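Structure first, commentary second.
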Amino acid sequence: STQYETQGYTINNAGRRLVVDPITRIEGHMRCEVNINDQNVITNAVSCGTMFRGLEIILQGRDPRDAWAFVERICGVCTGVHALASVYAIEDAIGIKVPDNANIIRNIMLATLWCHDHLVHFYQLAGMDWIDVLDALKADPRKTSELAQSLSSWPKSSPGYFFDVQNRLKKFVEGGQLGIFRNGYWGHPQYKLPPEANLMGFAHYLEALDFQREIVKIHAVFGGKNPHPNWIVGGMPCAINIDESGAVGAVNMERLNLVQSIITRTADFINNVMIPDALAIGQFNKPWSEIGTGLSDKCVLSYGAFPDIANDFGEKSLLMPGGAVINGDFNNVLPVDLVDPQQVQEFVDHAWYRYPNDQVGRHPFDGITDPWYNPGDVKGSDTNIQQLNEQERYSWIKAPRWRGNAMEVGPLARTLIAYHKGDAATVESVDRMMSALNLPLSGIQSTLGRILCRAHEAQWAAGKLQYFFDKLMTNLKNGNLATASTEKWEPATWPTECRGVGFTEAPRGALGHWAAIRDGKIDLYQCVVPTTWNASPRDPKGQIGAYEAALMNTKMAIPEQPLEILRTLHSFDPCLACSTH
Amino acid sequence: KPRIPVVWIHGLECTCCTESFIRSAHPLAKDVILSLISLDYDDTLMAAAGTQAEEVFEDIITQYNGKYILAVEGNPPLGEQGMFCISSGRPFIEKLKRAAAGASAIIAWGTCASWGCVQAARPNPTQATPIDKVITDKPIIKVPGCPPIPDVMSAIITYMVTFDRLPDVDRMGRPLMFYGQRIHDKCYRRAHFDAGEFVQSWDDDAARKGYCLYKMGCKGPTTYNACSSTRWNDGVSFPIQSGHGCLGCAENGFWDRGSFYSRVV
Ligand code: SF4
Ligand code: FCO
Ligand code: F3S
Ligand SMILES: [Cl-]
Ligand SMILES: [Cl-]
Ligand SMILES: [Cl-]
Ligand SMILES: [Mg+2]
Ligand code: NI
Numbered sequence: 002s003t004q005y006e007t008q009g010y011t012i013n014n015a016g017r018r019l020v021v022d023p024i025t026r027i028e029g030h031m032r033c034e035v036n037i038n039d040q041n042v043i044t045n046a047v048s049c050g051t052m053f054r055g056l057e058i059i060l061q062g063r064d065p066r067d068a069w070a071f072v073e074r075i076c077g078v079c080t081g082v083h084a085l086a087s088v089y090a091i092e093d094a095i096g097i098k099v100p101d102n103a104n105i106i107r108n109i110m111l112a113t114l115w116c117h118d119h120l121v122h123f124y125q126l127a128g129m130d131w132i133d134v135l136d137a138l139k140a141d142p143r144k145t146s147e148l149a150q151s152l153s154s155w156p157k158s159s160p161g162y163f164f165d166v167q168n169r170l171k172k173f174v175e176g177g178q179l180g181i182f183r184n185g186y187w188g189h190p191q192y193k194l195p196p197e198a199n200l201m202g203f204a205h206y207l208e209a210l211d212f213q214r215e216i217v218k219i220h221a222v223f224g225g226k227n228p229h230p231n232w233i234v235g236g237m238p239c240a241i242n243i244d245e246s247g248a249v250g251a252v253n254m255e256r257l258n259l260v261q262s263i264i265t266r267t268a269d270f271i272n273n274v275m276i277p278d279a280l281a282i283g284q285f286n287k288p289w290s291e292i293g294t295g296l297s298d299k300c301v302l303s304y305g306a307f308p309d310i311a312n313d314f315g316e317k318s319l320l321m322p323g324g325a326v327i328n329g330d331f332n333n334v335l336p337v338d339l340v341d342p343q344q345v346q347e348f349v350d351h352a353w354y355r356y357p358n359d360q361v362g363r364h365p366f367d368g369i370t371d372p373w374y375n376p377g378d379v380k381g382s383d384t385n386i387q388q389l390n391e392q393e394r395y396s397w398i399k400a401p402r403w404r405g406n407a408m409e410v411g412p413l414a415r416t417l418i419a420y421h422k423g424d425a426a427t428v429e430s431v432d433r434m435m436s437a438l439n440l441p442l443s444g445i446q447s448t449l450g451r452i453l454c455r456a457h458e459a460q461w462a463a464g465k466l467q468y469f470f471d472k473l474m475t476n477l478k479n480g481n482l483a484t485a486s487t488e489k490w491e492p493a494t495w496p497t498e499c500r501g502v503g504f505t506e507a508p509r510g511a512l513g514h515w516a517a518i519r520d521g522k523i524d525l526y527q528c529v530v531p532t533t534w535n536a537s538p539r540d541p542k543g544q545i546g547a548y549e550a551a552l553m554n555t556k557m558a559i560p561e562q563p564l565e566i567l568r569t570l571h572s573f574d575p576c577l578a579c580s581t582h
Numbered sequence: 049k050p051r052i053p054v055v056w057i058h059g060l061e062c063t064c065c066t067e068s069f070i071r072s073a074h075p076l077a078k079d080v081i082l083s084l085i086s087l088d089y090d091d092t093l094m095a096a097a098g099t100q101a102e103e104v105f106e107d108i109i110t111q112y113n114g115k116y117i118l119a120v121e122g123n124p125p126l127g128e129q130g131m132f133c134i135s136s137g138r139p140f141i142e143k144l145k146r147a148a149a150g151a152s153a154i155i156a157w158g159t160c161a162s163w164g165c166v167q168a169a170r171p172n173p174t175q176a177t178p179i180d181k182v183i184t185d186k187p188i189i190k191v192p193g194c195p196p197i198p199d200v201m202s203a204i205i206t207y208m209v210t211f212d213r214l215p216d217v218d219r220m221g222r223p224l225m226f227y228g229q230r231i232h233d234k235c236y237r238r239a240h241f242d243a244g245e246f247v248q249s250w251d252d253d254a255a256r257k258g259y260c261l262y263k264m265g266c267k268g269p270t271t272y273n274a275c276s277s278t279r280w281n282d283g284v285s286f287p288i289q290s291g292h293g294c295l296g297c298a299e300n301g302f303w304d305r306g307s308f309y310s311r312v313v
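One line per chain: the protein sequences are W and D, in this order. The opening residue of the first sequence carries number 2 in UniProt numbering; numbering runs sequentially from there. The opening residue of the second sequence carries number 49 in UniProt numbering; numbering runs sequentially from there.
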């Protein structure tokens, strides 16, 4: 066994080794290993991406106008975000400016995704780490109604309703066919909700499973379908026609009315179901405000998103702030430049890729994706990994660093950046939320904080949907209908050689696509994705990524039942297809 | 009284097929899961992880050997001895073969499981391979699309449950009900196609009147799916209705059939 110091942690692989493979209730394929000491405390954590497809390789030689459709398939959970980053990157390379309505609609597509993705994550992915579904069977329906009514104005709260939900669960379980609840962690001492809160949460899990399907109707109107809507380089393909012949063949007043109806319903659900549930999880699980801090009190990163001024990606335009904090110095939010070769770099000394020199990091314009499955000595065989060797290569995920620093990205990172840049709405929201929980600000830098920030973001995004929709309608009232710029659609109009960066904030954090075009075709296409940051393996200095740091120092009540590991990992909302692409 | 056991496994994928499934409007995915099937294993949604998830997998395929339906999302890579997709430390293909052996029938969800989809597009770095090239001794129903239509997924499920039989299929294993006709055979813009009324560049006057997208590269004429009739997301739209030509996403190798903006040959 070995031991070394990094980022204030003591990384020690002595003691019992635990393996969690597969990690479930995430997107895609992940393996986690930890070592625990004699006090059942984690002293080593190993994050492993267990899938790879090679989109960066597949994109070579494609027409840049087609790229968005390929890279959209990086992920069907964060569906659309890679298409947005792609059209941004190609437009940046060629020098294309899109019409205002195209930008507004793109912002609507992104805000719609944030609402949908965050809602499903809260209930379907992370929810069962916090809600003991089986314990809901011991709830009093009247007490459940009383609890729900004390927390929210949401209409659906009758004792009869909660009795009906409980009875359905009872009948579901009675024959032994527990389905998704089979062999769960039910009864674990870390489940702290009373039975009435478990029944309320489970009812809401079902309501959210039903309701989420409606949110994406906004993607269907502007983008044809969800998952995987359509886009174009130059704007959007959803031509608008309000008051002319043939409006039946375009985005017309009836289509816009449908969009408005979905926006209102989405805000209602988020504000009156998700938000009170998140706060309730906080109230019953306060110790989790001090678990899973990881890098969130050290290094956080946002690129920023939602340019409100069309084709302007600067600080005055982006509605979601960008910036970086390192070394716990939140008084100095640093500017991020995605072209600067000394800023974003990826390392592969601990990943299954080949570089000419694996001791150096490569900026994505210098990126290389040469897969090399080389696990070394793994206590089994190349096709039977019993124990990853974290001293060498152990993941399909590359290791991104920012100025050589390991960073956390995502809702908590964004919230901290916005808070410390002095965004008034963020400061007010965060302070009020922490006051309601009777917790200090530092309580947000934790596994519980990640969950609270995500719910806050869904509420923010639902509000922004209305703002963007109103902006669109304002343009239409002024007779501004344009949705595409085609001046530079034809390859004959492009520079022979050019390169571009497209960036945004996906639901899970900072996303960048780096594209180089030559002779009308993609010469290089490199992606660094939010879960690539968070689930990163180690670098040449032995610095650990966000997941590994967040798992460090964690007490486990029952080593064989990894509930604490799942709680912290799920709080980051891992997307493994994203991370590896 | 008991519900039919279903094991849903995941290879190399983007998870768009699971996401499409939960969009179902009728029946709601909630009702499919609670009342129509017993969804006994599914990485994306299940409570159990790690060894507990392995225990569920092993228990279900043993207890219900010969009697469960296997749903497959994504596909196995043959490269690097299968270790481009690792599950419980071992190649995904081993779990696929184990799960297939005890299945009564297999549903290959999406273009990934049916054909290969994006990871199989040139130069196919991982040797991603569709299910029917690996499993050769089981009924496989291909339900292609990237992803398939949500209400098509659920209609296929309800058909099998209600009628206690597999859907009749074409020569490629696709259900005739939804894949028997082309997008272009039921497209509401066909009047324009037949009149030579085409969008020529984005947001031109033709686009604003809903003219045909053939000259913009629409692959509807060579693509079999239900998008132009059943439509998407509770009948709200489909690619062509919102102004983009069909990409061909339900067809084998659609990624490599030339630019999406080049006209059908
Ligand atoms: S839009 Fe496409 S599917 Fe419809 S008529 Fe034109 S070519 Fe055919
Ligand atoms: N959100 C999201 Fe997917 C990841 N990680 C992207 O980008
Ligand atoms: S791209 Fe796919 S979703 Fe339908 S309209 Fe074409 S088959
Ligand atoms: Cl350039
Ligand atoms: Cl046939
Ligand atoms: Cl294919
Ligand atoms: Mg990459
Ligand atoms: Ni994703």
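Here a beta-carbon is modelled for each residue, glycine too, at the ideal position from N, C-alpha and C.
Take the alpha-carbon of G510 (chain W) and the one of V379 (chain W): they are about 32 angstroms apart. Proximity to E142 (chain D) across D:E106, D:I189, D:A243, D:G193 peaks at D:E106, based on C-alpha coordinates. Taking a Cβ-Cβ threshold of 8 angstroms, the residues of chain W close to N281 (chain D) are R214, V217, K218, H220, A221, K226, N227, in chain order. Relative to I566 (chain W), the option among W:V326, W:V20, W:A493 whose CA is nearest is W:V20. Relative to the Cα of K226 (chain W), the nearest Cα in the group D:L214, D:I179, D:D199, D:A169 belongs to D:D199.
Where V54 (chain D) is concerned, the enclosing beta strand (DSSP E) starts and stops at 52 to 58. According to the DSSP assignment, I108 (chain D) belongs to the alpha helix (DSSP H) that extends over 98 to 111.
By the neighbour-count criterion, in which a residue is buried when 16 or more other Cβ atoms sit within 10 angstroms of its Cβ, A437 (chain W) is exposed. For the region 9 to 37 of chain W, the residues whose beta carbon sits under 9 angstroms from a beta carbon of chain D are, in order, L19, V20, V21, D22, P23, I24, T25, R26, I27, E28, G29, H30, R32, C33. Close to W490 (chain W), with beta-carbon spacing below 8 angstroms, are these residues of chain D in chain order: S249, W250.
Contacts with chain W (Cβ-Cβ distance below 8 angstroms) from the region 146 to 168 of chain D involve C165, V166, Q167, listed in chain order. Closer than 9 angstroms at the C-beta level to chain D, one finds these residues of the region 244 to 264 of chain W: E245, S246, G247, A248, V249, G250, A251, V252, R256, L259. For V349 (chain W), there is no enclosing beta strand (DSSP E), as DSSP marks it with neither H nor E.
At the C-beta level, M237 (chain W) and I106 (chain W) come within 7 angstroms of one another. For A119 (chain D), the beta-bridge partners assigned by DSSP are D:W56, D:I155.
Using a CB distance below 9 angstroms, the part of the region 458 to 484 of chain W facing chain D consists of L482, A483, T484, ordered along the chain. Annotated three-state conformation of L512 (chain W) is strand, per DSSP. Interface annotation, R138 (chain D): in contact with chain W, CB-CB separation under 7 angstroms.
Within the region 319 to 391 of chain W, the runs of beta strand (DSSP E) at least 3 residues long that lie entirely inside it are, in chain order, 319 to 321, 324 to 326, 345 to 348. The C-beta distance from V104 (chain D) to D88 (chain D) rounds to 7 angstroms, short enough to meet the 8 angstroms contact threshold.
Taking C-beta atoms as the reference points, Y186 (chain W) and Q562 (chain W) count as a pair closer than 7 angstroms. Between ligand 7 and the CB of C528 (chain W), the shortest heavy atom gap is smaller than 6 angstroms. For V82 (chain W), the distance from the CB to the nearest heavy atom of ligand 2 is below 6 angstroms. Boundaries of the alpha helix (DSSP H) around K472 (chain W): 448 to 478. Buried is the label assigned to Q8 (chain W), since at least 16 other Cβ atoms lie within 10 Å of its Cβ. Selection around ligand 5 by beta-carbon proximity, strictly under 5 angstroms to any non-hydrogen atom, yields D:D218, D:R219 in chain order. Taken through DSSP and simplified to helix, strand or coil, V78 (chain W) comes out as coil.
Look at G202 (chain W): its C-beta is not under 7 angstroms from any C-beta on chain D. Ordered along the chain, residues surrounding ligand 1 are D:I231, D:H232, D:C235, D:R237, D:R238, D:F241, D:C260, D:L261, D:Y262, D:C266, D:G268, D:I288 [Cβ under 5 angstroms from any heavy atom]. Counting every other CB atom within 10 Å of its CB across the protein chains shown gives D432 (chain W) a total below 16, marking it as exposed.
Inclusion of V78 (chain W) in the 6 angstroms shell around ligand 8 follows from its C-beta lying nearer than that to a non-hydrogen atom of the ligand. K257 (chain D) reaches chain W at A240, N242, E245, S246, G247, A248, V249, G250, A251, counting residues in chain order whose Cβ is nearer than 9 angstroms. Put simply, of W:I559, W:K144, W:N36 the residue whose alpha carbon is nearest the alpha carbon of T3 (chain W) is W:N36. Taking every protein chain shown into account, the CB of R17 (chain W) has fewer than 16 other CB atoms within 10 angstroms, so this residue is exposed.
For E197 (chain W), the enclosing alpha helix (DSSP H) covers residues 196 to 216.
Taken residue by residue, none of the region 261 to 274 of chain D has a beta-carbon sitting less than 7 angstroms from a beta-carbon on chain W.
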